[PDB]
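Engineer: So that we are looking at the same thing, I have put the structure below in structure tokens.
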Amino acid sequence: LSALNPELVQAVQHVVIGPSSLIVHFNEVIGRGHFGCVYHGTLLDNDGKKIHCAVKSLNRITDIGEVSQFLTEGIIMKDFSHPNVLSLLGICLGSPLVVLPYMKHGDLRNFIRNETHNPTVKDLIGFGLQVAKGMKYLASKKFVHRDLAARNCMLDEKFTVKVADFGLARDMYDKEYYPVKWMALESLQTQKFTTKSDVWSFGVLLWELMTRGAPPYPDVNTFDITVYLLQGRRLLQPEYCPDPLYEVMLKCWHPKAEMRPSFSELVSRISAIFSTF
Ligand SMILES: O=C1NCc2c(-c3cnc4[nH]cc(Cc5ccccc5)c4c3)c[nH]c21
């Protein structure tokens with residue numbers, strides 16, 4: 001750790017959590033291993049308040065070059081904060097640690113599929129609106145997500161949705177052993193991603209919400225999705241989805257990227273639909 005560039009060490013200071021400010025429960029994993037090496041933790045802020053956090057150990061990092069790049073990803077992610085985006089609490093320099101807020105209700109796809117929880121049509125639309133708000137913030141920062149889906153959004157104790165699976169919170173479902181159906185047509189064809197391809201994925205996430213987590217295109221092979229979309233076939237209107245909201249979903253899947261709504265338009269339209277409930 002003495003081998004690190006001093007100006008870079010000075011630059012990461014506002015992101016670094018001192019070792020005496022973090023208690024990691026290395027004996028308690030979060031999410032039964034499905035989310036990788038992520039543990040319960042307690043972060044102590046400047047006032048001494050105990051913060052329940054999720055602590056990811058980064059085993060893929062060994063060399064100083066990899067450590068330096070990790071410090072930089074911490075610096076940039078720390079500048080992203082919004083009520084509907086998963087915030088970085090900090091990093092701890094054993095392997096490097098990523099400290100994230102604890103999300104009591106786990107991923108949004110499992111939450112809505114959960115037979116115990118009974119979200120209403122209003123609640124599901126409200127979750128979609130929160131995702132559109134988080135994406136509107138990311139798109140305003142010129143950030144392209146590339147993997148937007150309900151499985152990649154977390155839900156906290158106040159039922160606030162947080163867009164996740166970006167920055168140091170990426171590779172969240174990478175488990176140790178002993179997304180073409182959300183992709184825009186141009187991304188399937190050219191492998192290039194834009195905010196307009198995130199809008200297409202958002203439309204698929206909205207369909208996931210309104211079907212309470214049904215898998216999209218269950219009878220279509222991932223290879224055949226491209227031709228299926230070029231034929232002009234699309235995900236159908238879910239049973240209790242209001243017509244104006246499905247019109248918004250369909251606009252997200254327009255084959256011409258420039259014809260799709262912006263996330264600002266999506267927040268606008270969905271907020272007005274949500275307000276009817
Ligand atoms: O059944 C569950 N109860 C809580 C929970 C979580 C949970 C809790 N807190 C969290 N904080 C940040 C994340 C996402 C994340 C996880 C691993 C790596 C990178 C990012 C996260 C996920 C996942 N499943 C379940």
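Letters A, B, ... mark the chains of the structure tokens in the order given; residue numbers begin at 1 per chain; ligand numbers begin at 1, in order shown.
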Which protein, DNA or RNA residues have an atom within 8 Å of ligand 1, counting only C-alpha atoms and all ligand atoms, as a PyMOL selection string?
Structural biologist: chain A and resi 30-32+34-38+53-56+86+100-107+154+156+164-165+168-173
Engineer: Within 9 Å of residue 25 of chain A, counting only C-alpha atoms, which residues qualify if same-chain residues fewer than 4 places away don't, as a PyMOL selection string?
Structural biologist: chain A and resi 29+39-42+55
Engineer: Which residues, written as a PyMOL selection string, have at least one atom at most 12 Å from residue 219 of chain A, with only C-alpha atoms counted and residues fewer than 3 positions away on the same chain left out?
Structural biologist: chain A and resi 181+215-216+222-225+228+235
Engineer: Can those selected residues be exported to a file as a PDB file, in the first residue's frame so that it contains C-alpha atoms?
Structural biologist:
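Below is the file selection.pdb, written as the result:
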ATOM      1  CA  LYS A 181     -33.870 -10.121 -23.971  1.00  0.00           C
ATOM      2  CA  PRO A 215     -39.605 -13.838 -17.869  1.00  0.00           C
ATOM      3  CA  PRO A 216     -39.763 -11.876 -21.183  1.00  0.00           C
ATOM      4  CA  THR A 222     -31.861 -15.818 -27.226  1.00  0.00           C
ATOM      5  CA  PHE A 223     -30.446 -16.471 -30.744  1.00  0.00           C
ATOM      6  CA  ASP A 224     -33.862 -15.833 -32.365  1.00  0.00           C
ATOM      7  CA  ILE A 225     -34.640 -12.534 -30.546  1.00  0.00           C
ATOM      8  CA  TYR A 228     -38.339 -11.942 -33.744  1.00  0.00           C
ATOM      9  CA  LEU A 235     -43.843  -8.170 -25.552  1.00  0.00           C
TER      10      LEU A 235
END
Engineer: Just list as a ChimeraX atom specification whatever in segment 30-190 of chain A DSSP marks as alpha helix (DSSP H).
Structural biologist: /A:64-78,108-113,121-140,185-190
Engineer: Check the smallest atom-to-atom distance from each of A:126, A:83, A:232, A:213 to residue 111 of chain A using only C-alpha atoms, then report the winner.
Structural biologist: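 Counting only C-alpha atoms, the residue closest to residue 111 of chain A is A:213.
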Engineer: Please return, as a PyMOL selection string, all residues of segment 7-188 of chain A that DSSP assigns to strand (DSSP E) on the basis of the backbone.
Structural biologist: chain A and resi 22-29+38-44+50-57+90-92+97-101+153-155+161-163
Engineer: May I have the residues within 10 Å of segment 133-150 of chain A as a ChimeraX atom specification, using only C-alpha atoms and disregarding those fewer than 5 positions away in the same chain?
Structural biologist: /A:79-86,107-112,127-128,161-167,170,179-184,187,192-209,213,262-268,271
Engineer: Quick one: residues within 9 Å of residue 93 of chain A, only C-alpha atoms, excluding same-chain residues fewer than 2 positions away - as a VMD selection string?
Structural biologist: chain A and resid 1 16 to 19 91 95 to 97
Engineer: Would you put the residues from that selection into a file with N, CA, C and O atoms, as a PDB file, in the first residue's frame?
Structural biologist:
ATOM      1  N   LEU A   1       0.801  -1.226   0.000  1.00  0.00           N
ATOM      2  CA  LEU A   1       0.000   0.000   0.000  1.00  0.00           C
ATOM      3  C   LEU A   1       0.838   1.284   0.000  1.00  0.00           C
ATOM      4  O   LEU A   1       0.319   2.346  -0.355  1.00  0.00           O
ATOM      5  N   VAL A  16     -12.234   6.893   0.861  1.00  0.00           N
ATOM      6  CA  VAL A  16     -11.690   5.870   1.754  1.00  0.00           C
ATOM      7  C   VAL A  16     -12.347   5.876   3.132  1.00  0.00           C
ATOM      8  O   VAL A  16     -12.491   6.925   3.769  1.00  0.00           O
ATOM      9  N   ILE A  17     -12.723   4.666   3.595  1.00  0.00           N
ATOM     10  CA  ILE A  17     -13.258   4.420   4.924  1.00  0.00           C
ATOM     11  C   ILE A  17     -12.066   3.861   5.712  1.00  0.00           C
ATOM     12  O   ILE A  17     -11.495   2.838   5.314  1.00  0.00           O
ATOM     13  N   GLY A  18     -11.683   4.554   6.781  1.00  0.00           N
ATOM     14  CA  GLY A  18     -10.588   4.103   7.646  1.00  0.00           C
ATOM     15  C   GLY A  18     -10.890   2.725   8.214  1.00  0.00           C
ATOM     16  O   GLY A  18     -12.056   2.431   8.489  1.00  0.00           O
ATOM     17  N   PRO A  19      -9.895   1.819   8.395  1.00  0.00           N
ATOM     18  CA  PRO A  19     -10.227   0.476   8.907  1.00  0.00           C
ATOM     19  C   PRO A  19     -10.937   0.471  10.259  1.00  0.00           C
ATOM     20  O   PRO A  19     -11.787  -0.397  10.467  1.00  0.00           O
ATOM     21  N   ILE A  91     -14.866   2.943   0.180  1.00  0.00           N
ATOM     22  CA  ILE A  91     -14.003   1.802  -0.082  1.00  0.00           C
ATOM     23  C   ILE A  91     -13.031   1.640   1.082  1.00  0.00           C
ATOM     24  O   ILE A  91     -12.705   2.618   1.738  1.00  0.00           O
ATOM     25  N   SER A  95      -7.902  -8.246   0.645  1.00  0.00           N
ATOM     26  CA  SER A  95      -8.421  -7.687  -0.610  1.00  0.00           C
ATOM     27  C   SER A  95      -9.206  -6.359  -0.413  1.00  0.00           C
ATOM     28  O   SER A  95      -9.658  -6.091   0.698  1.00  0.00           O
ATOM     29  N   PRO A  96      -9.358  -5.488  -1.444  1.00  0.00           N
ATOM     30  CA  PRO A  96     -10.087  -4.226  -1.218  1.00  0.00           C
ATOM     31  C   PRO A  96     -11.570  -4.462  -0.957  1.00  0.00           C
ATOM     32  O   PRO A  96     -12.118  -5.442  -1.438  1.00  0.00           O
ATOM     33  N   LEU A  97     -12.213  -3.582  -0.186  1.00  0.00           N
ATOM     34  CA  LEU A  97     -13.639  -3.740   0.116  1.00  0.00           C
ATOM     35  C   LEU A  97     -14.456  -2.609  -0.471  1.00  0.00           C
ATOM     36  O   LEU A  97     -14.019  -1.469  -0.448  1.00  0.00           O
TER      37      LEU A  97
END
Engineer: Can you list, as number ranges by chain, every protein, DNA or RNA residue that comes within 10 Å of residue 211 of chain A when you count only C-alpha atoms, leaving out same-chain residues fewer than 6 positions away?
Structural biologist: A: 112-113, 121, 124, 205, 237-241
Engineer: Rounded to one decimal in Å, what is the spacing between atom CA of residue 14 of chain A and atom CA of residue 74 of chain A?
Structural biologist: 9.8 Å
Engineer: Quick one: pull the distance between atom CA of residue 75 of chain A and atom CA of residue 49 of chain A, Å, one decimal.
Structural biologist: 23.4 Å
Engineer: Grab the atom CA of residue 118 of chain A to atom CA of residue 242 of chain A distance for me, in Å with one decimal place.
Structural biologist: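 Straight-line distance from atom CA of residue 118 of chain A to atom CA of residue 242 of chain A works out to 18.4 Å.
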Engineer: Given only C-alpha atoms as the basis, pick out the residue of A:125, A:77, A:229, A:92 nearest to residue 185 of chain A.
Structural biologist: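 Nearest candidate to residue 185 of chain A out of A:125, A:77, A:229, A:92: A:229.
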Engineer: Go through A:191, A:152, A:72, A:276 and flag the residue nearest residue 11 of chain A, using only C-alpha atoms for the distances.
Structural biologist: A:72
Engineer: Neighbours of residue 5 of chain A within 12 Å (only C-alpha atoms; same-chain residues fewer than 2 positions away dropped), as number ranges by chain?
Structural biologist: A: 1-3, 7-12, 64-65, 67-69, 71
Engineer: Would you put the residues from that selection into a file with N, CA and C atoms, as a tab-separated table (two decimals), in the first residue's frame?
Structural biologist:
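Listing of result29.tsv after writing:
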chain	number	residue	atom	x	y	z
A	1	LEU	N	0.80	-1.23	0.00
A	1	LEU	CA	0.00	0.00	0.00
A	1	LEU	C	0.84	1.28	0.00
A	2	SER	N	2.14	1.19	0.37
A	2	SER	CA	3.06	2.34	0.35
A	2	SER	C	3.51	2.62	-1.09
A	3	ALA	N	3.36	1.60	-1.97
A	3	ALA	CA	3.72	1.62	-3.39
A	3	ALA	C	2.75	2.43	-4.26
A	7	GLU	N	-0.25	11.31	-5.18
A	7	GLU	CA	-1.33	12.22	-5.61
A	7	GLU	C	-2.64	11.47	-5.77
A	8	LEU	N	-2.58	10.19	-6.22
A	8	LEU	CA	-3.77	9.37	-6.36
A	8	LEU	C	-4.30	9.01	-4.96
A	9	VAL	N	-3.40	8.74	-4.01
A	9	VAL	CA	-3.78	8.46	-2.62
A	9	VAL	C	-4.48	9.70	-2.02
A	10	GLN	N	-3.99	10.92	-2.34
A	10	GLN	CA	-4.63	12.15	-1.86
A	10	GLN	C	-6.03	12.30	-2.49
A	11	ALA	N	-6.15	11.98	-3.78
A	11	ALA	CA	-7.40	12.09	-4.53
A	11	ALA	C	-8.51	11.16	-4.02
A	12	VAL	N	-8.16	9.96	-3.53
A	12	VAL	CA	-9.16	8.98	-3.07
A	12	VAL	C	-9.56	9.16	-1.58
A	64	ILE	N	-0.84	-3.74	-8.02
A	64	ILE	CA	-0.92	-2.30	-7.77
A	64	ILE	C	-1.68	-1.54	-8.89
A	65	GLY	N	-1.55	-2.00	-10.15
A	65	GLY	CA	-2.23	-1.43	-11.30
A	65	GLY	C	-3.73	-1.61	-11.21
A	67	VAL	N	-5.30	-2.19	-8.23
A	67	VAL	CA	-5.66	-1.45	-7.00
A	67	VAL	C	-5.89	0.02	-7.38
A	68	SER	N	-4.97	0.61	-8.16
A	68	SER	CA	-5.05	2.00	-8.62
A	68	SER	C	-6.31	2.29	-9.42
A	69	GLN	N	-6.69	1.37	-10.34
A	69	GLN	CA	-7.89	1.52	-11.17
A	69	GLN	C	-9.15	1.44	-10.30
A	71	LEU	N	-9.33	2.35	-7.14
A	71	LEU	CA	-9.38	3.63	-6.42
A	71	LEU	C	-10.10	4.69	-7.27
